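Listed next as structure tokens is one chain, alone, in the form deposited in one PDB entry.
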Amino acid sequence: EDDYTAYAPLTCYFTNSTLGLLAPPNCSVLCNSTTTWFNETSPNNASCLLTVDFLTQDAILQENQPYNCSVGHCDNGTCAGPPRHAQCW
């Protein structure tokens, strides 16, 4: 039998920041259904990650706090400025 009551879930993956959930620097969000990966282009004015600014090469040494990151906004699939200073985790 089919289950008419079961919705099809789609899950998309974002970076946590003090300016909210971020799309990647290419404004292309990675997503999955129950059977496949797929990309979604972020909508215009969505927040996107521009840069991750770590102090060292070894994340665990600074992972008791968030890290510094620059945040832009999506404009026709490009992460546009001006950049804003956030904390990411």
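In case it trips you up, residue 1 is the first one in the sequence shown, and so on. Shifts are known only where both forms have a C-alpha. Each form is matched to the other, and the largest set of C-alpha atoms that superpose within 1.5 Å is called the rigid core.
According to the PDB record, 59-67 carries the higher mean C-alpha B-factor of the two stretches 59-67 and 27-35. For the pair 7-15 and 76-84, the mean B factor over Cα atoms is greater in 76-84.
As for the form deposited in another entry, it is not shown, yet the points below apply to it.
With the core superposed, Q62 shows a C-alpha displacement of at least 2 Å between the shown form and the other one.
Between the C-alpha atoms of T18 and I60, a gap widened by no less than 3 Å is obtained in the other entry, as opposed to the form on display. Inter-residue distance, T15 to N64 (Cα): reduced by at least 3 Å in the other entry versus the depicted form. Segments of at least three consecutive residues in which every Cα is displaced by 2 Å or more between the shown form and the other one, once the core is aligned, are found at 3-8, 58-66.
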